[PDB]
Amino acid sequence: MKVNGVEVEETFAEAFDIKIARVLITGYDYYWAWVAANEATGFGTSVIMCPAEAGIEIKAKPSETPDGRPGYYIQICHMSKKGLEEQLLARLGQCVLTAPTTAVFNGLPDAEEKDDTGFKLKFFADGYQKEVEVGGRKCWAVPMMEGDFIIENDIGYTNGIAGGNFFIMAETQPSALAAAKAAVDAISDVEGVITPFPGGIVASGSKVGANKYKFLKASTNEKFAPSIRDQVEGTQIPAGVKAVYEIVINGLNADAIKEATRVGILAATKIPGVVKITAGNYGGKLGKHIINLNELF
């Protein structure tokens, strides 16, 4: 299979179920809204060793927000409900309630399940909290240094997907990295999705467990490490490839992960030096969500 003149292996990505809450952060302008979102979603690449998986989803124009100001929608992910509930409180309470000019609202107003993050954080007012309605949302005003911080009572969450992905293989590292940046920019416009790794790009890659150091939970996936292909049997790196990068995608549903994957691949293949596009899986075992690349075009 070829896409934009680039070879795309007819294989699949294997994803997993995960809980995801969608939050809307607004501010004076996009800069301040972003300052808060970025801080609240850092240290959030993988649940392997990060408190959660998080990222900025998409910008929100004044015409679409409750208070009529510019903002950003962000996603915070965790394997368990209580875990996600815990992440929302810590991240929004330590990184957004404390950020300049911010106000937070529910990013999934029609969600089945929701947690009372607003009700809990408002206790920060130590008794001076007030109740207010902003564009129809029921909120709380928390008096503090800059003025009144406004936060909706609840935040909705849903059963999403984590681990959507695709690999980019190229002739040099720069070519692979530029293809990966293109993919991330392209994916940034896709609603309902995020790319949690640094800059949204994975430079490491991984395999469950290890072959030598059994005391590890995950190690380098030597079969996709170009610098040691001569030393690895059954290596998946072609003779002309010197570098590989992966794009990991978390999303509210399968259709969104699928669109993100197509959009990302389409853009990546525009960069000279790209040799091959494929994706990572676990042989059909472990995963519950499978994305077949040949079904994307």
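From 1 onward, residues are counted along the sequence shown.
For the pair 175-183 and 119-127, the record assigns the higher mean C-alpha temperature factor to 119-127. Between the stretches 129-137 and 157-165, it is 129-137 that shows the larger average CA temperature factor. For the set 48, 249, 40, 56, the maximum C-alpha B-factor listed in the entry falls on 48. When the C-alpha B-factors of 105, 72, 224, 213 are ranked from the entry, the top spot goes to 213.
Residue 152: CA B factor in the lowest third of modelled residues in this chain (values from the PDB entry). The entry lists a Cα temperature factor for residue 23 that places it in the lowest third of the chain's modelled residues. The deposited CA B-factor of residue 64 belongs to the middle third of values across its chain. Looking at the C-alpha B-factors along this chain, the one for residue 29 belongs to the lowest third. The deposited CA B-factor of residue 44 belongs to the middle third of values across its chain.
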